[PDB]
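Residue numbers (PDB author numbering), protein chains in the order written: chain A, 6 to 579; chain B, 6 to 579.
There are 2 protein chains.
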Amino acid sequence: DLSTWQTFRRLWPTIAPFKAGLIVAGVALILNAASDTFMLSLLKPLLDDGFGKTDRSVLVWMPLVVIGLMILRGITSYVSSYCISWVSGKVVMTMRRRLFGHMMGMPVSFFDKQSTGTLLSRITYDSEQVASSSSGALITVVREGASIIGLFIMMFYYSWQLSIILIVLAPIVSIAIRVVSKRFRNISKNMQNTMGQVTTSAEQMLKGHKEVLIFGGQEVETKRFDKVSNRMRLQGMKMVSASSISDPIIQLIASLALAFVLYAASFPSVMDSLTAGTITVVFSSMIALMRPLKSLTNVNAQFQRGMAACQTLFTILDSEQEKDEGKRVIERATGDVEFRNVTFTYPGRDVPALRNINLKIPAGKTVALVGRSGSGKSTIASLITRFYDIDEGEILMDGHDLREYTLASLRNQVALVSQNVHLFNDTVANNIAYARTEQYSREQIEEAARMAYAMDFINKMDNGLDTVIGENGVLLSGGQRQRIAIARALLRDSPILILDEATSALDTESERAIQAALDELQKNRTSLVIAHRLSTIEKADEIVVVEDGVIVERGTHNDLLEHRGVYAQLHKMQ
Amino acid sequence: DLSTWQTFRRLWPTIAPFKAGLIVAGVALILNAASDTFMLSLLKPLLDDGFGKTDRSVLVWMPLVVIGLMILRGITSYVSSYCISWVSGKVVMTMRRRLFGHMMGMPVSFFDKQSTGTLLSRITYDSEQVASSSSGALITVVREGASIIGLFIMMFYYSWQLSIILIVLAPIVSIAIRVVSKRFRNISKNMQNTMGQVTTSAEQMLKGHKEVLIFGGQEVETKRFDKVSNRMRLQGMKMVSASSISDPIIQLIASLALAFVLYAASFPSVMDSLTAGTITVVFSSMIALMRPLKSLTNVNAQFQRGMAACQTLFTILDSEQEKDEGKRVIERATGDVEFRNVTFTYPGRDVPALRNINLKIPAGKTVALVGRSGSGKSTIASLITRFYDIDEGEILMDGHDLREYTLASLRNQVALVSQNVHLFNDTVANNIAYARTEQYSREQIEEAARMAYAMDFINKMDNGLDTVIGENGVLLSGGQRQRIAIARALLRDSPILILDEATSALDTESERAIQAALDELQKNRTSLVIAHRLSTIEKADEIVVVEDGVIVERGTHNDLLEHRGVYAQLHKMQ
Ligand SMILES: Nc1ncnc2c1ncn2[C@@H]1O[C@H](COP(=O)(O)OP(=O)(O)O)[C@@H](O)[C@H]1O
Ligand SMILES: Nc1ncnc2c1ncn2[C@@H]1O[C@H](COP(=O)(O)OP(=O)(O)O)[C@@H](O)[C@H]1O
Ligand code: VO4
Ligand code: VO4
Ligand SMILES: [Mg+2]
Ligand SMILES: [Mg+2]
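Next up, the structure:
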């Protein structure tokens, strides 16, 4: 928990580029406060010198001065507000952009334990609270502070004897504001966590909607959301209770100043040194000082909430991202990947998921990983992509350990068809050519799609390649969204290709056409196809059988089949 | 785009139950306004008496009554603020609950075109805007309104020769506030869509993270989020420009009243009967009225934003939900299902996916759907669940149409495991027994896992049945996720079981084991098995071969094999 001025010194490097746009705002605020103070001091001359027997010596030129002062105040307030809001908007943009670009680079080990709801709350709630507090509440806070300091200097100018009490009452209000702002920040952080839970529940509902319908998850989801929204309301209630018990207390404490000055001025031995105008302007200033104080202490809730959000985001932005310890970069790999004594236990587990693998993938060939449905088959594919780091043992690419290569230059050498195919809500062309859209002409996209037996059914759609695919490609069947992932992978010429259950959903002749396409196209590029259909693999250069997490049998189709090993029992039952 | 009072009169039925709090808050607010007005009026008695003609300076009671009046003001302010925030929190919570329970009732046809980011924005951002405006800004707006009304009353009580101008200028200030509130609402309703785009971009980055990593979608996603955040900040700056160009103008308009008052005092022949205290309390009243104008017109941004958000949510809450007509509840259906010339055209297409389907699924039988990847078979599975409505044709179920059956009593007769199956971020037991957590005991869940061959891996994890499966079950392999989905489907004893590729990602012998265990239930169950592995369904009661959109072949295994039809070719490719 950082104090509300510690957060600004933690934020200053972000604001520093725009400090030129803040000097004008500060000068405008100073002039605004001066104009308001001089306008309130204008009550002095129309009771002392203004009133006389048929006397309008100042009143003849008075209201025009009020209009001019009002115009000055208006333009200064406008420029101050707009420039402060511009700086706030730029800073909020920078924080939001950096936050998004940060969680976009965290390791997958982090994504496997955090619900989507909390991160979406980070993007769309905390940043929004910071923006709202620093655009709407900050201007009010700083302007009322300027007005208050102006009233202070004015009351000390006219009569110090009637304003020594403010020296004794400033510390009390400072302590009260500090001790209530701490509570505001704590409640705001708990409130942020509760919003995270709310959006997590909402996203679990939305993403798993069909199962909610089919299994009758009506009442349970409704009750869970009821409880979480109730917690949200209760924490908001605690914040409101703090605010509404801190406003009147401070207002009453600030009213001892007015009570004292009335008590002090009640002494005829003191009022002699002053006139009616000075006394009435002191009383008016003390009376009208309470309004800025009340407004500041009331708006202090939103400003403190924004400061809490900024503190949380700065803590998040200071986390550790994926280990990009790599130094060397490479353009195209020759196509050979080697394992050595590699073992790898998943984050937060006891038994290793691989005990020791000595797999060797030759350059420009294919290696297939058949085996049971619970062994390490997708784990190997994740490892050769550096999704997870090894525990011990060496994994090599082109004779140099896989940790020397930087992350970008490595994954730019591998194309993957995940068993859980995920497609973006965009046209078919942009799903096939996801990141390198500008580098691949529609001719290349069409060739890649025709390779993956997808152009046959794309033509049937409304706009051909231009059709929108839906939120997750739900507009297409599983065997039409597992042939766009294949097309996307085949579009690139990455020498290392992984087919993590490429044809799980396809029928037999469609996958036969796929296999023909790869056999006529992948004659030079290394592939790592993993599948339980032992007909997409009978042409592999070396079949590898992994069960329980350890390699058991390595060899060609013929050498394994006549060996009467585990592959023989796997093949004899198709 | 409705006005503020129209918004409240549209919202009043929601607010109606919570009227005691509103009434007591209103009474306390009137008392607070009277107390605050009475504090400014004390400036007259101390000048007509007291320091003016100090011969009666015996008046000493003023500080005591000031302190007492401020205590009363503080108490009334606290109770009014708290009992308005109670109604605000209750109403916002009810809006959240109604909105969540509403979108969870949308038909699937709506979910197949709307990105989840926008709906999460509706729940998270918009509702938060309503809550913030109605909690923080609303109390400020109403308090300043009360203070303004009190100051009008007091000044008109004192002297109307110097106050009839406020009759003239109130319409002008009202016109300005209305014509700036319209722009605030429009900008806010654009800002909601922009934030929806922000959160859609964020969500499409998170839940498609691996596709971002593999293909280098780093810079593309960075550009997209930069553009959307820039649009957001630009709209925010437009809002702030409107606010800070409407505030000083309205402030200056009110200044023409003060200048006129100061012009009236210059004329003695008419305004000779002004006491030295009456005039100086009218002037202080103008100043202390013009301050709340600034405060109210400044805080009007948040309040108008909240009203725009409440309007947007009220547009959602009266949209069309799922049809759900007919009130024929059924206890436990026999399971018989029949089609009659069914023709189905998907929402937004122009060629019928299904046409002229005659399908019978008699009780205690299994019907197998086979064909190319792209024919309509998952469509049939969706139709018998009533995810979509028939375009033209009759379904039947236990001797009656699916339309007459109410939806809640229809999905209880179907347990469906689909392709791309979803799992909830919760313990494995709470995933198997999803919505009936407190009906199926632990031994029943264990039996369900045992039937689906899932006990061999579910018993090796660290915590057994209680291990957290993570978001979408990413902590488990594809085969294990499929097995848990099967175990979830099998735990229910629903008459109809639909297996949309229930064994896509399982090795051959676990497929054999599951089918062997599933064969026990076929004595009473009525299952619809969709599968491309023809060895899975060689024992189907009747096999239905669905090509592009029409049932081509049907019969048993041997009848189709002897017929030398399309099934013969599909089987030769084994
Ligand atoms: N992200 C993960 N975190 C923890 N454990 C995992 C994870 N992924 C897989 N496992 C464990 O490793 C075993 C094998 O999974 P994996 O090799 O990734 O998939 P597959 O079995 O399809 O090859 C599974 O039984 C599972 O319990
Ligand atoms: N939600 C949807 N909206 C519009 N069209 C769809 C939707 N789901 C599937 N389709 C279309 O219906 C056609 C039939 O596919 P489908 O019957 O789902 O294949 P399968 O039954 O093998 O999954 C597909 O070509 C697809 O384009
Ligand atoms: O398009 V399919 O659901 O038959 O893989
Ligand atoms: O071991 V698997 O879940 O890819 O069939
Ligand atoms: Mg896998
Ligand atoms: Mg399907």
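All residues carry an ideal CB built from backbone N, CA and C; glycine is no exception.
Check: Select from the segment 300-318 of chain A all residues with a C-beta closer than 7 angstroms to any C-beta belonging to chain B, and list them in chain order.; Outcome: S300, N303, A306, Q307
Check: Please report whether the beta-carbon of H405 (chain B) lies at a distance below 8 angstroms from any beta-carbon of chain A.; Outcome: no
Check: So what does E226 (chain A) bridge to, in DSSP terms?; Outcome: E226 (chain A) pairs with nothing; no bridge assigned.
Check: Check the Cβ of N430 (chain A) against every Cβ in chain B and list those closer than 7 angstroms, keeping chain order.; Outcome: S120, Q209
Check: Can you look up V275 (chain B) in the DSSP assignment and give me helix, strand or coil?; Outcome: coil
Check: On a Cα-Cα basis, can you pick out the residue from A:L64, A:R15, A:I89, A:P50 that is closest to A33 (chain A)?; Outcome: A:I89
Check: Can you have a look at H537 (chain A) and say buried or exposed, based on whether 16 or more other CB atoms are within 10 angstroms of its CB?; Outcome: buried
Check: Is any non-hydrogen atom of ligand 2 found closer than 7 angstroms to the C-beta of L533 (chain B), if you look at the structure I gave you?; Outcome: no
Check: Between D131 (chain B) and ligand 6, is there a pair consisting of the residue's CB and a ligand heavy atom that are separated by less than 7 angstroms?; Outcome: no
Check: Using a Cβ-Cβ cut-off of 6 angstroms (strictly less than) and excluding sequence neighbours within five positions of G340 (chain A), which residues of its own chain qualify?; Outcome: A368, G369, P500, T531
Check: Is it the case that the CB of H562 (chain A) approaches a heavy atom of ligand 3 more closely than 7 angstroms?; Outcome: no
Check: Taking only beta-carbon atoms, is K215 (chain B) less than 8 angstroms away from chain A?; Outcome: yes
Check: Does the structure place the segment 565-578 of chain B close enough to the segment 401-411 of chain B that three or more beta carbon pairs sit under 8 angstroms?; Outcome: no
Check: If we define contact as Cβ-Cβ less than 8 angstroms, is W91 (chain A) a contact residue for chain B?; Outcome: yes
Check: Alpha carbon to alpha carbon, how far is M109 (chain A) from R416 (chain A)?; Outcome: 15 angstroms
Check: Please find out if some non-hydrogen atom of ligand 6 comes closer than 7 angstroms to the beta-carbon of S383 (chain B).; Outcome: yes
Check: Are any of the Cβ atoms in chain A nearer than 8 angstroms to that of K328 (chain B)?; Outcome: no
Check: Closer than 8 angstroms is the cut-off here; do at least three beta carbon pairs connect the segment 490-508 of chain B with the segment 414-430 of chain B?; Outcome: yes
Check: Label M291 (chain B) either buried or exposed according to how many other C-beta atoms from any shown protein chain fall within 10 Å of its C-beta, with 16 as the threshold for buried.; Outcome: buried
Check: Are the beta-carbon atoms of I258 (chain B) and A175 (chain B) separated by less than 8 angstroms?; Outcome: no
Check: Hey, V304 (chain A) and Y163 (chain A) are a contact pair by Cβ (cut 8 angstroms); roughly how many whole angstroms apart?; Outcome: About 29 angstroms separates the two Cβ atoms, so there is no contact after all.
Check: Comparing the CB of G483 (chain B) with every heavy atom of ligand 7, is any distance shorter than 7 angstroms?; Outcome: Only ligand 1, ligand 2, ligand 3, ligand 4, ligand 5 and ligand 6 can be found as ligands here, which leaves ligand 7 out of the picture.
Check: Compute the distance between the beta-carbons of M295 (chain B) and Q256 (chain B), then report whether it is under 8 angstroms.; Outcome: yes
Check: Just list the alpha helix (DSSP H) runs in the segment 382-439 of chain A, keeping only unbroken ones of 4 residues or longer that don't cross its boundaries, in chain order.; Outcome: 383-388, 412-416, 433-437
Check: Taking only the alpha-carbon atoms, compute the straight-line gap between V113 (chain B) and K215 (chain A) and give it to the nearest angstrom.; Outcome: 8 angstroms
Check: Since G94 (chain A) meets chain B, which of its residues come closer than 7 angstroms, beta carbon to beta carbon?; Outcome: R238, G241, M242
Check: Going by DSSP, name the residue or residues bridged to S532 (chain A).; Outcome: A:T371, A:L502
Check: If you compare alpha carbons, which of A:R14, A:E343, A:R61, A:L218 is closest to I362 (chain A)?; Outcome: A:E343
Check: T129 (chain A) versus chain B: which residues are under 8 angstroms apart at the beta carbon?; Outcome: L125, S126, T129, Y130, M200, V203, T204, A207
Check: With 7 angstroms as the limit, tell me which residues of the segment 51-65 of chain B have their beta carbon closer than that to any beta carbon of chain A; keep them in chain order.; Outcome: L52, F56, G57, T59, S62, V65
Check: Residue range of the beta strand (DSSP E) that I556 (chain A) falls in?; Outcome: 555-560
Check: Would you call the segment 225-242 of chain A and the segment 195-208 of chain A in contact, with 3 or more CB pairs under 8 angstroms?; Outcome: yes
Check: I'd like to know if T227 (chain B) contacts chain A, where contact means its C-beta is closer than 8 angstroms to some C-beta of that chain.; Outcome: yes
Check: Check whether the segment 201-213 of chain A touches the segment 123-136 of chain A, taking contact to mean three or more Cβ pairs, one atom from each stretch, closer than 8 angstroms.; Outcome: yes
Check: By the criterion of Cβ-Cβ separation under 9 angstroms, what are the contact partners of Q444 (chain B) in chain A?; Outcome: Those within 9 angstroms of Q444 (chain B) in chain A number zero; the least Cβ separation is about 11 angstroms.
Check: Determine the DSSP secondary structure at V356 (chain B), reduced to helix, strand or coil.; Outcome: coil
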